[PDB]
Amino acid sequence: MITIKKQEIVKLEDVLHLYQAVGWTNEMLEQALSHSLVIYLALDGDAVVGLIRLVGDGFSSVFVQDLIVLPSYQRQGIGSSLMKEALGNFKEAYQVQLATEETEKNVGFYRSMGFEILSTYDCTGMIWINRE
């Protein structure tokens, strides 16, 4: 049913429906898509139903920047598949990280993928809020 395909060029038109599906806010994104380490798509025949996008230097640091499945699919291992194929390229990267809404669903899913929350190690993510 579902195809996981590595992508070399990803144009925003072909994936904008996925970001809309979550949405939206803010594009930097057109530019971002060219400057990522890797992108995989999830395909239901010809339909684009999921995306993973990794960023970073690819050696010391890799970040799971976008992980999207259409909320209409899901719970059939699409997110897992996307994660396992993309991260397979980076199995020796020094640190691999991500930031998520801290819900039981999100956290339970990333833990099933082998990720742990930073507080378990007395660490924290921080985000730039005040730029002046």
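Numbers for residues come from their place in the sequence shown, where the first is 1.
K.L.:
Checking chain continuity here. Are there deposited residues lacking coordinates between residue 26 and residue 27, and if so is it 1 to 3, 4 to 9, or 10 or more (or none)?
P.N.:
The entry leaves 4 to 9 residues without coordinates here.
K.L.:
Taking the mean of the C-alpha B-factors per stretch from the entry, tell me the winner out of 75 to 83 and 47 to 55.
P.N.:
Comparing 75 to 83 with 47 to 55, the higher mean C-alpha B-factor belongs to 75 to 83.
K.L.:
Identify the stretch, either 27 to 35 or 63 to 71, whose C-alpha atoms have the larger mean B-factor according to the entry.
P.N.:
According to the entry, 27 to 35 carries the higher average C-alpha B-factor.
K.L.:
Sorting the chain's modelled residues by C-alpha B-factor, tell me whether residue 20 ends up in the lowest, middle or highest third.
P.N.:
Within its chain, residue 20 is a highest-third residue by C-alpha B-factor, going by the deposited values.
K.L.:
Select lowest, middle or highest to describe the third in which the CA B-factor of residue 116 falls within its chain in this entry.
P.N.:
Lowest third.
K.L.:
In terms of the CA temperature factor given in the entry, to which third of its chain does residue 129 belong: lowest, middle or highest?
P.N.:
Answer is middle: the recorded C-alpha B-factor places it there.
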